[PDB]
Amino acid sequence: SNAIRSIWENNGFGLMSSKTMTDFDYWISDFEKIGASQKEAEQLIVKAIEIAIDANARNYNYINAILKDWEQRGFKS
Ligand SMILES: [Mg+2]
């Protein structure tokens, strides 16, 4: 959770809320349920955060939409 918290907190998202950490923990679990490693799942979240930074949509809603796409497509990495 350290890497995800660091990219979030150093890129103008503000503090990582307890809710959002819970949400990302659950996302890691959900990617694991379709065969991603913990590490690969973490990498996916980092990438979605990078995409949100570049689009200037630095919020969980935007990141969640990205991750839902990837999860249904079955993207492990
Ligand atoms: Mg927890």
# chains A, B, ... in the order shown; residues from 1 in each chain; ligands from 1

call {"tool": "residues_near_ligand", "arguments": {"ligand": "ligand 1", "cutoff": "12 Å", "atoms": "only C-alpha atoms and all ligand atoms", "output": "list in words"}}
result
residues 1, 17, 18, 19, 20, 21, 22, 23, 24, 25, 26 and 29 of chain A

call {"tool": "select_by_dssp", "arguments": {"residues": "chain A", "states": "helix (DSSP H, G or I)", "output": "compact mmCIF listing (two decimals) with N, CA and C atoms, in the first residue's frame"}}
result
# COMPACT_ATOMS: atom_id res chain seq x y z
N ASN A 2 2.16 1.10 0.23
CA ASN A 2 3.08 2.23 0.38
C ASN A 2 3.27 2.99 -0.93
N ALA A 3 3.53 2.24 -2.00
CA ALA A 3 3.73 2.79 -3.34
C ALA A 3 2.51 3.56 -3.86
N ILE A 4 1.34 2.97 -3.68
CA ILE A 4 0.09 3.62 -4.04
C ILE A 4 -0.13 4.88 -3.21
N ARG A 5 0.08 4.82 -1.89
CA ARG A 5 -0.08 6.01 -1.06
C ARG A 5 0.91 7.12 -1.48
N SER A 6 2.14 6.74 -1.82
CA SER A 6 3.17 7.73 -2.18
C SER A 6 2.85 8.46 -3.48
N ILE A 7 2.47 7.74 -4.52
CA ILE A 7 2.14 8.41 -5.76
C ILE A 7 0.91 9.30 -5.59
N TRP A 8 -0.08 8.85 -4.81
CA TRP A 8 -1.25 9.65 -4.49
C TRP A 8 -0.86 10.94 -3.76
N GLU A 9 -0.17 10.78 -2.63
CA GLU A 9 0.08 11.91 -1.75
C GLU A 9 1.10 12.92 -2.28
N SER A 18 -8.81 6.98 4.67
CA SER A 18 -9.04 5.60 5.07
C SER A 18 -9.94 4.86 4.07
N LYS A 19 -10.98 5.54 3.59
CA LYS A 19 -11.91 4.94 2.64
C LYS A 19 -11.23 4.55 1.33
N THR A 20 -10.40 5.45 0.83
CA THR A 20 -9.75 5.23 -0.44
C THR A 20 -8.71 4.14 -0.29
N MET A 21 -8.02 4.06 0.85
CA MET A 21 -7.07 2.94 1.07
C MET A 21 -7.80 1.60 1.11
N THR A 22 -8.95 1.60 1.77
CA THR A 22 -9.83 0.42 1.81
C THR A 22 -10.20 0.03 0.39
N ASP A 23 -10.59 1.02 -0.41
CA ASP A 23 -11.00 0.79 -1.79
C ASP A 23 -9.88 0.19 -2.62
N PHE A 24 -8.68 0.71 -2.45
CA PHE A 24 -7.56 0.19 -3.22
C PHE A 24 -7.15 -1.21 -2.74
N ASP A 25 -7.22 -1.47 -1.43
CA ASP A 25 -6.96 -2.83 -0.90
C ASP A 25 -7.91 -3.82 -1.54
N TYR A 26 -9.17 -3.42 -1.65
CA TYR A 26 -10.20 -4.27 -2.24
C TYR A 26 -9.95 -4.46 -3.73
N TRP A 27 -9.43 -3.43 -4.41
CA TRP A 27 -9.10 -3.54 -5.83
C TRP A 27 -7.97 -4.53 -6.05
N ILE A 28 -6.97 -4.50 -5.18
CA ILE A 28 -5.87 -5.46 -5.27
C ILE A 28 -6.42 -6.88 -5.13
N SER A 29 -7.31 -7.09 -4.16
CA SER A 29 -7.95 -8.39 -3.96
C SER A 29 -8.75 -8.82 -5.19
N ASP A 30 -9.45 -7.87 -5.81
CA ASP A 30 -10.29 -8.18 -6.95
C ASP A 30 -9.47 -8.57 -8.18
N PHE A 31 -8.34 -7.92 -8.38
CA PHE A 31 -7.45 -8.31 -9.48
C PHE A 31 -6.83 -9.65 -9.20
N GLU A 32 -6.54 -9.94 -7.93
CA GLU A 32 -6.03 -11.28 -7.56
C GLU A 32 -7.04 -12.38 -7.85
N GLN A 38 -0.23 -9.91 -6.49
CA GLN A 38 -0.35 -8.70 -5.67
C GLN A 38 0.45 -7.58 -6.32
N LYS A 39 1.66 -7.90 -6.76
CA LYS A 39 2.56 -6.91 -7.36
C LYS A 39 1.99 -6.32 -8.66
N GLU A 40 1.44 -7.19 -9.51
CA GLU A 40 0.84 -6.75 -10.77
C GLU A 40 -0.38 -5.87 -10.52
N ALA A 41 -1.17 -6.24 -9.52
CA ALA A 41 -2.37 -5.48 -9.17
C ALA A 41 -1.96 -4.09 -8.68
N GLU A 42 -0.94 -4.02 -7.84
CA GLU A 42 -0.41 -2.74 -7.36
C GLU A 42 0.06 -1.88 -8.52
N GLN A 43 0.76 -2.49 -9.47
CA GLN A 43 1.24 -1.79 -10.66
C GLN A 43 0.10 -1.22 -11.49
N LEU A 44 -1.01 -1.95 -11.58
CA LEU A 44 -2.19 -1.46 -12.31
C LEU A 44 -2.75 -0.20 -11.65
N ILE A 45 -2.82 -0.21 -10.33
CA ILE A 45 -3.36 0.94 -9.63
C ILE A 45 -2.43 2.16 -9.82
N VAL A 46 -1.13 1.94 -9.69
CA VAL A 46 -0.18 3.03 -9.91
C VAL A 46 -0.37 3.62 -11.31
N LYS A 47 -0.50 2.76 -12.31
CA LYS A 47 -0.70 3.23 -13.69
C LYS A 47 -2.00 4.04 -13.84
N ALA A 48 -3.09 3.57 -13.24
CA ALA A 48 -4.36 4.31 -13.30
C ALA A 48 -4.18 5.68 -12.64
N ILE A 49 -3.44 5.75 -11.55
CA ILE A 49 -3.20 7.04 -10.89
C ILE A 49 -2.41 7.98 -11.79
N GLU A 50 -1.41 7.44 -12.47
CA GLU A 50 -0.63 8.22 -13.46
C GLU A 50 -1.53 8.77 -14.56
N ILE A 51 -2.43 7.94 -15.05
CA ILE A 51 -3.39 8.36 -16.10
C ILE A 51 -4.27 9.52 -15.59
N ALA A 52 -4.72 9.41 -14.35
CA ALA A 52 -5.55 10.44 -13.74
C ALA A 52 -4.77 11.74 -13.56
N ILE A 53 -3.51 11.65 -13.17
CA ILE A 53 -2.65 12.84 -13.08
C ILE A 53 -2.56 13.55 -14.44
N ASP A 54 -2.24 12.78 -15.47
CA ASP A 54 -2.06 13.36 -16.80
C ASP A 54 -3.36 14.01 -17.35
N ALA A 55 -4.50 13.39 -17.06
CA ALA A 55 -5.82 13.91 -17.47
C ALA A 55 -6.32 15.03 -16.57
N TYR A 60 -10.74 9.56 -6.94
CA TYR A 60 -11.00 8.12 -6.95
C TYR A 60 -12.01 7.73 -8.02
N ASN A 61 -13.03 8.55 -8.22
CA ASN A 61 -14.06 8.20 -9.20
C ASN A 61 -13.46 7.92 -10.57
N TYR A 62 -12.54 8.77 -10.99
CA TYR A 62 -11.94 8.64 -12.32
C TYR A 62 -11.07 7.38 -12.37
N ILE A 63 -10.31 7.15 -11.30
CA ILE A 63 -9.45 5.97 -11.23
C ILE A 63 -10.27 4.68 -11.21
N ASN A 64 -11.33 4.68 -10.42
CA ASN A 64 -12.24 3.53 -10.32
C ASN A 64 -12.81 3.13 -11.70
N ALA A 65 -13.22 4.12 -12.48
CA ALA A 65 -13.76 3.84 -13.82
C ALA A 65 -12.72 3.12 -14.67
N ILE A 66 -11.47 3.58 -14.59
CA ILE A 66 -10.39 2.95 -15.34
C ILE A 66 -10.20 1.51 -14.91
N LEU A 67 -10.09 1.31 -13.61
CA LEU A 67 -9.87 -0.04 -13.07
C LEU A 67 -11.02 -1.01 -13.38
N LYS A 68 -12.26 -0.53 -13.38
CA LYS A 68 -13.41 -1.42 -13.69
C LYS A 68 -13.29 -1.96 -15.09
N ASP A 69 -12.84 -1.11 -16.02
CA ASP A 69 -12.61 -1.51 -17.40
C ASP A 69 -11.60 -2.64 -17.43
N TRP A 70 -10.44 -2.37 -16.84
CA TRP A 70 -9.34 -3.32 -16.87
C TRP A 70 -9.72 -4.66 -16.23
N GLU A 71 -10.49 -4.60 -15.16
CA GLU A 71 -10.89 -5.80 -14.43
C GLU A 71 -11.81 -6.68 -15.27
N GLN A 72 -12.82 -6.08 -15.89
CA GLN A 72 -13.75 -6.84 -16.73
C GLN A 72 -13.06 -7.43 -17.96
N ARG A 73 -12.10 -6.70 -18.52
CA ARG A 73 -11.33 -7.20 -19.68
C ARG A 73 -10.39 -8.33 -19.26

call {"tool": "atom_distance", "arguments": {"atom1": "atom CA of residue 58 of chain A", "atom2": "atom CA of residue 14 of chain A"}}
result
9.5 Å

call {"tool": "decode", "arguments": {"residues": "segment 23-39 of chain A", "atoms": "N, CA, C and O atoms", "output": "PDB file, in the first residue's frame"}}
result
ATOM      1  N   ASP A  23     -10.590   1.017  -0.409  1.00  0.00           N
ATOM      2  CA  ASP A  23     -11.003   0.788  -1.791  1.00  0.00           C
ATOM      3  C   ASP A  23      -9.881   0.192  -2.618  1.00  0.00           C
ATOM      4  O   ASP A  23     -10.095  -0.730  -3.413  1.00  0.00           O
ATOM      5  N   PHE A  24      -8.677   0.709  -2.449  1.00  0.00           N
ATOM      6  CA  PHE A  24      -7.556   0.187  -3.220  1.00  0.00           C
ATOM      7  C   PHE A  24      -7.147  -1.213  -2.739  1.00  0.00           C
ATOM      8  O   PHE A  24      -6.726  -2.045  -3.556  1.00  0.00           O
ATOM      9  N   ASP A  25      -7.223  -1.473  -1.428  1.00  0.00           N
ATOM     10  CA  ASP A  25      -6.956  -2.829  -0.903  1.00  0.00           C
ATOM     11  C   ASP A  25      -7.911  -3.825  -1.542  1.00  0.00           C
ATOM     12  O   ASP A  25      -7.517  -4.937  -1.933  1.00  0.00           O
ATOM     13  N   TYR A  26      -9.165  -3.423  -1.655  1.00  0.00           N
ATOM     14  CA  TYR A  26     -10.199  -4.266  -2.240  1.00  0.00           C
ATOM     15  C   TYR A  26      -9.945  -4.458  -3.733  1.00  0.00           C
ATOM     16  O   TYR A  26     -10.154  -5.544  -4.262  1.00  0.00           O
ATOM     17  N   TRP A  27      -9.426  -3.430  -4.407  1.00  0.00           N
ATOM     18  CA  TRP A  27      -9.097  -3.542  -5.828  1.00  0.00           C
ATOM     19  C   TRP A  27      -7.968  -4.529  -6.046  1.00  0.00           C
ATOM     20  O   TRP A  27      -8.006  -5.310  -6.992  1.00  0.00           O
ATOM     21  N   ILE A  28      -6.965  -4.500  -5.178  1.00  0.00           N
ATOM     22  CA  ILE A  28      -5.868  -5.459  -5.268  1.00  0.00           C
ATOM     23  C   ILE A  28      -6.421  -6.884  -5.134  1.00  0.00           C
ATOM     24  O   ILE A  28      -6.065  -7.780  -5.928  1.00  0.00           O
ATOM     25  N   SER A  29      -7.306  -7.087  -4.158  1.00  0.00           N
ATOM     26  CA  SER A  29      -7.953  -8.389  -3.959  1.00  0.00           C
ATOM     27  C   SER A  29      -8.749  -8.819  -5.190  1.00  0.00           C
ATOM     28  O   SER A  29      -8.731 -10.012  -5.576  1.00  0.00           O
ATOM     29  N   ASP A  30      -9.449  -7.873  -5.811  1.00  0.00           N
ATOM     30  CA  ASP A  30     -10.294  -8.185  -6.954  1.00  0.00           C
ATOM     31  C   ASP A  30      -9.472  -8.572  -8.181  1.00  0.00           C
ATOM     32  O   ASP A  30      -9.836  -9.502  -8.907  1.00  0.00           O
ATOM     33  N   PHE A  31      -8.336  -7.916  -8.383  1.00  0.00           N
ATOM     34  CA  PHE A  31      -7.448  -8.306  -9.478  1.00  0.00           C
ATOM     35  C   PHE A  31      -6.826  -9.653  -9.197  1.00  0.00           C
ATOM     36  O   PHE A  31      -6.652 -10.452 -10.123  1.00  0.00           O
ATOM     37  N   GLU A  32      -6.535  -9.942  -7.926  1.00  0.00           N
ATOM     38  CA  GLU A  32      -6.028 -11.283  -7.557  1.00  0.00           C
ATOM     39  C   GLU A  32      -7.040 -12.381  -7.853  1.00  0.00           C
ATOM     40  O   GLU A  32      -6.662 -13.497  -8.250  1.00  0.00           O
ATOM     41  N   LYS A  33      -8.326 -12.082  -7.687  1.00  0.00           N
ATOM     42  CA  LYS A  33      -9.389 -13.060  -7.942  1.00  0.00           C
ATOM     43  C   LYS A  33      -9.477 -13.482  -9.409  1.00  0.00           C
ATOM     44  O   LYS A  33     -10.091 -14.496  -9.712  1.00  0.00           O
ATOM     45  N   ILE A  34      -8.908 -12.700 -10.318  1.00  0.00           N
ATOM     46  CA  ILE A  34      -8.857 -13.121 -11.730  1.00  0.00           C
ATOM     47  C   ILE A  34      -7.438 -13.394 -12.211  1.00  0.00           C
ATOM     48  O   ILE A  34      -7.190 -13.482 -13.409  1.00  0.00           O
ATOM     49  N   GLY A  35      -6.520 -13.582 -11.266  1.00  0.00           N
ATOM     50  CA  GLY A  35      -5.217 -14.178 -11.571  1.00  0.00           C
ATOM     51  C   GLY A  35      -4.032 -13.235 -11.619  1.00  0.00           C
ATOM     52  O   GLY A  35      -2.945 -13.634 -12.003  1.00  0.00           O
ATOM     53  N   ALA A  36      -4.222 -11.982 -11.211  1.00  0.00           N
ATOM     54  CA  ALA A  36      -3.101 -11.066 -11.065  1.00  0.00           C
ATOM     55  C   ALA A  36      -2.334 -11.373  -9.781  1.00  0.00           C
ATOM     56  O   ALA A  36      -2.928 -11.756  -8.773  1.00  0.00           O
ATOM     57  N   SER A  37      -1.020 -11.175  -9.798  1.00  0.00           N
ATOM     58  CA  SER A  37      -0.252 -11.190  -8.555  1.00  0.00           C
ATOM     59  C   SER A  37      -0.532  -9.902  -7.785  1.00  0.00           C
ATOM     60  O   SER A  37      -1.006  -8.920  -8.359  1.00  0.00           O
ATOM     61  N   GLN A  38      -0.234  -9.908  -6.491  1.00  0.00           N
ATOM     62  CA  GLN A  38      -0.347  -8.702  -5.673  1.00  0.00           C
ATOM     63  C   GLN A  38       0.452  -7.580  -6.316  1.00  0.00           C
ATOM     64  O   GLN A  38      -0.028  -6.459  -6.428  1.00  0.00           O
ATOM     65  N   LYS A  39       1.663  -7.897  -6.762  1.00  0.00           N
ATOM     66  CA  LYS A  39       2.559  -6.908  -7.362  1.00  0.00           C
ATOM     67  C   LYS A  39       1.995  -6.325  -8.657  1.00  0.00           C
ATOM     68  O   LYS A  39       2.052  -5.114  -8.883  1.00  0.00           O
TER      69      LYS A  39
END
